[PDB]
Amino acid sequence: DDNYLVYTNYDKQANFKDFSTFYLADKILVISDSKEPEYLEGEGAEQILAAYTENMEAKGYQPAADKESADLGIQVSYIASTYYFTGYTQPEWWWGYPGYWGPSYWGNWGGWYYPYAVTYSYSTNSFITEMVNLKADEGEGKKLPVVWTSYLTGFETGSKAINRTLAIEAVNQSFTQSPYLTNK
């Protein structure tokens, strides 16, 4: 079947009916071989972010006015280089990129909390997406928990595949294989 691979992992204790609204970070972080965070520009990135938006709405979640009022946050990253991951050891290897999303982008949290295992092999031309619980306690030393992660990878590079919107099809697939991710 598909010209890509989609892996999803999630918090089995999370109650996806707890949440009503989400805020999607409105730019896709490029993980590059330099420390300064840069983002994808242009139509493609806009279409990928629109696919997250549409999918969350289909599952019952409304876009929030802002981060402070949202129940759930989503952050999306494109891996263009694995320079920072060589010799990784942490299962969440993306944390090794100096420019990676910080908890403090979202609110008063000082680190991440992963309530489930991830076993993804790093590769470029791939996406890491994390969904965070913004209702979690804030304050000094408090950690921002993730409720869902996806890894979109293994994308074919021949012209027929490039000319299909494969990233969007992979985003759609990540929701299809996450039947629990709904408040309905």
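For every residue, the number given is its place in the sequence shown, counted from 1.
Asks: Going by the average Cα B-factor in the PDB entry, point out whether 127-135 or 65-73 comes out higher.
Replies: Between 65-73 and 127-135, it is 65-73 that shows the higher mean C-alpha B-factor.
Asks: Of 44-52 and 29-37, which one has the bigger average CA B-factor?
Replies: Between 44-52 and 29-37, it is 29-37 that shows the higher mean C-alpha B-factor.
Asks: Can you pull the Cα B-factors for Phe175, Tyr10, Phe19, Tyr23 from the entry and say which is highest?
Replies: Top of the list by C-alpha B-factor: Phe19.
Asks: Where does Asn108 sit by CA temperature factor within its chain: lowest, middle or highest third?
Replies: Lowest third.
Asks: In terms of the CA temperature factor given in the entry, to which third of its chain does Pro115 belong: lowest, middle or highest?
Replies: CA B-factor rank for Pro115: lowest third.
Asks: Tell me, lowest, middle or highest third: where does the Cα B factor of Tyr88 rank within its chain?
Replies: For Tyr88, whose C-alpha B-factor we compare with every modelled residue in the chain, the answer is the highest third.
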